[PDB]
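K.L.:
Dropping the structure in here first, questions after.
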Amino acid sequence: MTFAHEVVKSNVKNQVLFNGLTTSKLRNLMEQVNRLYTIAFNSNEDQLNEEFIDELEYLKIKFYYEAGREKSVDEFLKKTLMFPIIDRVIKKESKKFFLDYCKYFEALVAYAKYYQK
Amino acid sequence: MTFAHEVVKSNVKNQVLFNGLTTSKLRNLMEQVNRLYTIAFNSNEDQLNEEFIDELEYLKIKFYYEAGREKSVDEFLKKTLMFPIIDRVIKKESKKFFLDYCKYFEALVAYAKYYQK
Amino acid sequence: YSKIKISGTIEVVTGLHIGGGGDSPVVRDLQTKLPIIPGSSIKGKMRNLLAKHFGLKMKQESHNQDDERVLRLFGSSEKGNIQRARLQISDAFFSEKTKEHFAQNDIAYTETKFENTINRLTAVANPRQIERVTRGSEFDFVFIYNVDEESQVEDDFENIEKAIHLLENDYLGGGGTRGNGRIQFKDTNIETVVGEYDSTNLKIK
Amino acid sequence: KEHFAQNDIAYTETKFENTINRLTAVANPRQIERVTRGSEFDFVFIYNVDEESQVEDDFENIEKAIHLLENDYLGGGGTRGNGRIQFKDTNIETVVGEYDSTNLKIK
Amino acid sequence: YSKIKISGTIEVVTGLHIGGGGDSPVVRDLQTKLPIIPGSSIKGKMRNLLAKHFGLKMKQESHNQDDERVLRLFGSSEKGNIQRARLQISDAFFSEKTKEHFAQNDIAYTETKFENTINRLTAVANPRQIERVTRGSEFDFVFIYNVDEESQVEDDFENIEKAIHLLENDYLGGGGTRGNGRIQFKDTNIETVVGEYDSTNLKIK
Amino acid sequence: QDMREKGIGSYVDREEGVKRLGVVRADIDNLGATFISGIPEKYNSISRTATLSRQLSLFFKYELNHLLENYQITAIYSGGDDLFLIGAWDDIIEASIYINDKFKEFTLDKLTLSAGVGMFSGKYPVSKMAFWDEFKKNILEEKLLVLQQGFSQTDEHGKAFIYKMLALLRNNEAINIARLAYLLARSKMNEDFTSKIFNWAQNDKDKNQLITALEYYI
RNA sequence: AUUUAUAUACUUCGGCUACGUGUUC
RNA sequence: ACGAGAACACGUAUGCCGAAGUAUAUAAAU
Ligand SMILES: Nc1ncnc2c1ncn2[C@@H]1O[C@H](COP(=O)(O)OP(=O)(O)OP(=O)(O)O)[C@@H](O)[C@H]1O
């Protein structure tokens with residue numbers, strides 16, 4: 001959807017990335033999404049498991065906590081709108097859309113990785 | 001179109017290949033294109049599938065990320081202009097032209113393979 | 001004069017690789033871009049196994065002559081006492097129900113499992129990738145049997161049952177000794193499509 | 001022709017085959033050319049009624065012949081799995097004379 | 001003529017990484033999406049080990065031609081000779097008891113151990129994610145023994161049981177030198193599936 | 001080994017190529033003037049016309065017999081201005097070229113030959129069986145020799161590979177050319193052979209010569 | 001709590017439609 | 001009352017045979 005690419009280009013300010021965000025600040029983040037990526041890729045049906053719903057809730061927990069730690073993490077998590085998309089994934093109970101979100105976050109990660117000091 | 005052959009000959013500098021590029025640096029690359037090659041060769045109509053559009057987007061993801069990792073990969077991906085041709089393929093939604101791009105990249109791979117230390 | 005039709009489905013127990021195109025692709029219908037099981041392959045394996053079951057001698061190895069029953073069922077028309085074939089094998093096509101299943105569950109029609117080669121005294125590896133129809137897929141086949149004579153029918157169907165039973169414990173395609181290409185038969189139907197001969201007493205497992 | 005041109009399909013396939021030498025088990029290859037599956041051919045039959053009292057029997061016989069042909073093969077290697085055909089879109093039209101050809105059937 | 005069925009289960013004692021398809025995943029089916037042991041790997045391991053356990057010359061090492069019993073048991077047929085493999089080694093499938101065990105114990109079907117690359121005198125680390133089949137997994141396997149000559153069944157099964165033993169004391173798969181790939185064989189059953197050969201006095205450990 | 005005359009199968013049963021037959025017909029194109037016009041205005045005597053006629057007769061009635069001695073071919077109609085030879089496909093072509101050159105020597109490159117050679121299956125009614133420098137230098141000598149050396153040095157490439165070559169070459173489309181580029185990349189010949197073949201295929205005249213030569217190969 | 005993110009080698013090698021048979025009574 | 005009339009380029013046989021997705025480099029420093 002590459003709107004992530006557009007926002008990342010809009011976030012290279014005069015240089016800094018998201019005003020002090022580094023890819024290693026994202027460690028716990030992509031680790032959680034990849035762990036969920038595995039547990040979901042194992043599943044068969046698109047109808048999500050309900051401990052999987054619990055795991056998505058726990059992921060939102062990690063989001064709110066990372067945002068609490070750092071201001072740059074807060075800015076990143078707010079502008080690029082992780083938060084409504086997680087909410088709608090929780091509301092939808094669809095696996096394929098979960099992987100769509102996964103590729104979304106991975107796109108953010110890769111593009112930022114190439115877009116650095 | 002063999003302009004790939006011309007650029008590869010222009011890229012044998014005094015010897016090195018693309019200033020430190022090796023065919024095994026291309027592993028993930030040709031693996032992705034071949035995987036897409038299979039999924040597309042299975043299709044019937046030339047009008048591309050839209051998860052196929054998503055897959056092309058994911059391929060562009062792999063492109064920037066590989067470019068981010070290595071400088072030689074960046075030089076290769078920039079000069080030989082993978083990037084506009086992927087953009088126009090995404091814009092065109094045509095299968096036969098997708099296979100045309102596929103044999104393009106395979107031509108690059110083979111010629112480079114014969115064009116080595 | 002009558003004809004007996006045999007219908008059924010062939011399920012791939014493991015990866016089947018006919019692959020007559022030679023990378024190393026598989027034969028495909030050019031109307032639907034699908035992998036197929038050519039009938040002549042099935043009939044050749046039935047021939048070979050059934051001949052090996054009965055007498056197969058050195059002098060018999062020489063000429064591709066074989067036991068009178070096998071020749072009778074599959075036809076020779078090569079020297080002297082020629083016998084027109086009584087049994088006609090047809091090709092197998094990738095069925096519609098498996099179309100529906102692989103479409104609904106988004107399952108690829110052909111894996112590309114890589115293999116290697118460790119030669120000795122160098123231990124240097126050499127890679128390759130081959131294509132094989134995915135597990136569990138089914139193909140539909142049809143047989144037609146001619147009755148040029150009345151009394152022999154029971155014996156010919158006994159031999160057919162034996163041939164099928166042997167073939168179920170063997171392989172089609174290639175690399176069979178290496179794991180590929182095991183099948184099993186199921187959902188068989190026997191009906192007299194033309195003529196006036198009953199077939200309610202005839203069974204092939 | 002229109003369908004295959006639209007879908008970019010070759011008119012004629014080429015299947016590869018072999019044969020196994022007994023006591024030797026070395027395969028010698030084989031190449032055969034085969035008309036693509038699903039093609040349609042156009043056919044015309046002309047029947048000349050010279051005896052009135054025979055047309056029903058003759059058409060019954062020709063239906064039987066079509067029936068057997070549908071359950072058999074044309075061309076070569078029929079026992080090997082090729083040549084099976086099918087008949088569709090058959091009409092019966094009288095074109096010379098005044099014989100009704102609406103009660104005659106061929107399936 | 002007859003066929004003999006060798007059936008059993010393989011359990012997995014340490015990690016298993018066949019990785020034929022390759023962060024670097026393992027070979028997995030696409031009908032049900034569980035990992036499998038390709039029969040090609042089984043055959044390669046068995047052939048190489050049983051061949052090396054008897055003689056192996058450098059000229060023997062040259063071009064994959066080995067002593068007469070392996071060339072009989074597994075088949076070569078290139079050196080102007082007639083010989084087909086007398087074992088049909090198939091693929092291995094992650095059995096149903098394992099399905100239910102891990103499903104009702106909520107234990108994953110595969111771990112993911114992380115690796116590192118500590119460079120000498122540089123102490124800079126290079127990460128690595130790798131995936132492996134978990135411990136305690138069990139697969140089911142089948143071997144089919146064709147009986148070509150009556151008088152060599154006993155000796156061939158002695159060689160087969162030696163192969164199984166030596167494999168039990170060796171690894172399977174990839175990276176075996178770093179501690180993943182140990183297997184063990186149990187629950188072997190021998191049955192005659194086609195014919196009139198007796199399978200009573202015959203045992204495999 | 002048998003002095004008795006044999007049938008048409010004695011030439012059909014050659015295993016060095018397809019079991020077929022070759023036939024050649026030749027007429028002196030510039031013959032009507034030669035007997036009529038002759039040598040103009042100074043040597044159109046009855047004596048010199050007689051000499052010309054007899055020399056042509058001797059060539060078309062003796063030299064052919066000695067020339068044919070190294071070919072699996074049988075002389076049928078010879079004499080006048082008509083030459084009819086029948087035999088193996090390769091031998092017919094080689095003898096046609098060789099006799100063309102020898103005739104160009106005998107007439108000192110003053111008279112030329114018009115000829116046509118076809119291929120037909122064995123025991124076809126011989127009645128209906130019957131009803132230059134570029135071909136030698138470029139096709140038979142250069143491209144044919146290149147292809148023969150390449151196919152002899154690299155194995156596994158039989159009529160199937162050459163027939164795929166033919167399918168790509170006969171249908172003159174750029175897609176076939178790219179496919180042929182990939183096919184030559186996959187082929188296991190010396191890179192010189194592959195480069196020369198591809199560049200021949202890229203020229204219309206050179207692609208036609210190449211297809212002719214490789215068709216001759218089979 | 002702070003940097004990597006799979007890395008270089010090999011991406012199918014060997015060995016290339018035979019017989020009844022063409023035509024007439 | 002057409003150099004016409006009868007007449008299945010047809011019958012037997014496969015893509016097989018052998019090959020392990022391998023072989024190296026500790027999730028570390030303050
Ligand atoms: N040795 C010879 N001496 C005298 N006359 C000859 C001789 N050989 C052939 N001729 C005559 O020369 C004539 C050539 O006419 P013909 O139509 O056969 O060939 P042509 O006119 O050269 O044909 P084209 O020009 O199409 O090649 C013949 O009528 C023939 O009688």
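K.L.:
Considering (1) within 14 Å of RNA strand G (Cβ to nearest atom); (2) away from chain C (no Cβ under 13 Å); (3) among the hydroxyl-bearing types (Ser, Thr, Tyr), say which one D:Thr24 fails and leave the rest.
P.N.:
(2)
K.L.:
To continue, here is another question. If you take just the helices (runs of 4 or more DSSP H) that sit entirely in the stretch F:112-218, which of them hold at least 3 residues that are among the charged types (D, E, K, R) and either exposed (fewer than 15 other Cβ atoms within 10 Å of the Cβ) or touching a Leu at 6+ places or on another chain (Cβ under 8 Å) (or both)?
P.N.:
The helices (runs of 4 or more DSSP H) meeting that bar are F:159-170, F:204-217.
K.L.:
Let me ask you something else. Please name all residue pairs, on different chains or six or more residues apart, with Cβ atoms under 7 Å, provided the first residue is in the stretch D:6-18 and is within 15 Å of F:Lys159 (Cβ to Cβ) and the second residue is in a helix (DSSP H, G or I).
P.N.:
Here the result reads D:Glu17/C:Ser40, each pair linking the stretch D:6-18 to a residue that is in a helix (DSSP H, G or I).
K.L.:
Just for the stretch E:27-45: of the residues that are more than 16 Å from RNA strand H (Cβ to nearest atom) and of a type in the set (A, V, I, L, M, F, W, C), which one is nearest to the other protein chains (Cβ to nearest Cβ)?
P.N.:
E:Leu30
K.L.:
Exactly one of these conditions fails for C:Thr14: (1) within 17 Å of C:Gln184 (Cα to Cα); (2) within 13 Å of chain D (Cβ to nearest Cβ); (3) not basic (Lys, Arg). Give me its number.
P.N.:
Unmet for C:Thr14, out of (1) within 17 Å of C:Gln184 (Cα to Cα); (2) within 13 Å of chain D (Cβ to nearest Cβ); (3) not basic (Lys, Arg): (2).
K.L.:
So for the stretch D:59-75 (the condition being farther than 30 Å from C:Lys45 by Cα, over 21 Å from the mean Cα position of the chain (by Cα) and not β-branched (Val, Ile, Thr)), does at least one residue qualify?
P.N.:
No; the residues of the stretch D:59-75 include none that is farther than 30 Å from C:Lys45 by Cα, over 21 Å from the mean Cα position of the chain (by Cα) and not β-branched (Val, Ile, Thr).
K.L.:
Evaluate the following for B:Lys103: is it among the basic types (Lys, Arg) and surrounded by fewer than 16 Cβ atoms within 10 Å (Cβ to Cβ)?
P.N.:
no
K.L.:
Would you mention how many residues in the stretch C:8-53 are hydrophobic (A, V, I, L, M, F, W, C) and in a helix (DSSP H, G or I)?
P.N.:
5
K.L.:
If you don't mind, there's one more thing I want to ask. Is it true that C:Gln152 is closer than 30 Å to E:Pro25 by Cα and either more than 14 Å from the chain's Cα centre (by Cα) or surrounded by 13 or more Cβ atoms within 10 Å (Cβ to Cβ) (or both)?
P.N.:
No, not satisfied.
K.L.:
If you take the residues in the stretch C:55-66 that are facing chain D (nearest Cβ under 9 Å) and either hydroxyl-bearing (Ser, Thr, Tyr) or part of a helix (DSSP H, G or I) (or both), which one is farthest from RNA strand H (Cβ to nearest atom)?
P.N.:
By that ranking, first place goes to C:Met58.
K.L.:
Next question, about the same structure. Got a number for residues in the stretch C:124-178 being part of a loop (DSSP other than H, G, I, E, B) and either within 20 Å of E:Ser2 (Cα to Cα) or more than 12 Å from every other protein chain (Cβ to nearest Cβ) (or both)?
P.N.:
So the count comes out to 11.
K.L.:
Moving to a separate point now. What are the pairs with Cβ atoms under 7 angstrom where one residue, in the stretch E:100-123, is more than 11 Å from chain A (Cβ to nearest Cβ) and the other, located anywhere, is near RNA strand G (Cβ under 10 Å from one of its atoms) and among the β-branched types (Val, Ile, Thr)? Sequence gap at least six, or different chains.
P.N.:
Taking only residues 6 or more apart or on different chains, the pairs are E:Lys113/E:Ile130; E:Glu115/E:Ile130.
K.L.:
Could you list all residues from the stretch A:33-90 that are hydroxyl-bearing (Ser, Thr, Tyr), within 14 Å of another protein chain (Cβ to nearest Cβ) and buried (at least 17 other Cβ atoms within 10 Å of the Cβ)?
P.N.:
If the condition is that a residue be hydroxyl-bearing (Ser, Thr, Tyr), within 14 Å of another protein chain (Cβ to nearest Cβ) and buried (at least 17 other Cβ atoms within 10 Å of the Cβ), then A:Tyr37 is the only one that fits.
K.L.:
What number of residues within the stretch E:67-84 are more than 9 Å from chain C (Cβ to nearest Cβ) and part of a loop (DSSP other than H, G, I, E, B)?
P.N.:
8
K.L.:
Another question, then. Name the residues in the stretch F:108-123 that are within 16 Å of the ligand (Cβ to nearest atom) and touching a strand residue (DSSP E or B) at 6+ places or on another chain (Cβ under 9 Å), would you?
P.N.:
Scanning the stretch F:108-123 gives F:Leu111, F:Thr112, F:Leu113, F:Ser114, F:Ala115, F:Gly116.
K.L.:
Check whether at least one residue in the stretch C:46-54 is of a type in the set (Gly, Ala, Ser), more than 8 Å from RNA strand H (Cβ to nearest atom) and either crowded, with 18+ Cβ neighbours inside 10 Å or farther than 13 Å from C:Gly174 by Cα (or both), and report yes or no.
P.N.:
Looking for residues that are of a type in the set (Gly, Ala, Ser), more than 8 Å from RNA strand H (Cβ to nearest atom) and either crowded, with 18+ Cβ neighbours inside 10 Å or farther than 13 Å from C:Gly174 by Cα (or both), one finds at least one in the stretch C:46-54, hence yes.
K.L.:
Among the residues of the stretch C:97-110, is any within 14 Å of RNA strand H (Cβ to nearest atom), of a type in the set (S, T, N, Q), outside any helix (DSSP H, G or I) and over 23 Å from C:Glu154 (Cα atoms)?
P.N.:
yes
Ideal geometry is used to build each Cβ from the backbone, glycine not excepted, and the neighbour counts take in all protein chains shown. No value in this document is a laboratory result; all are computed from the given coordinates.
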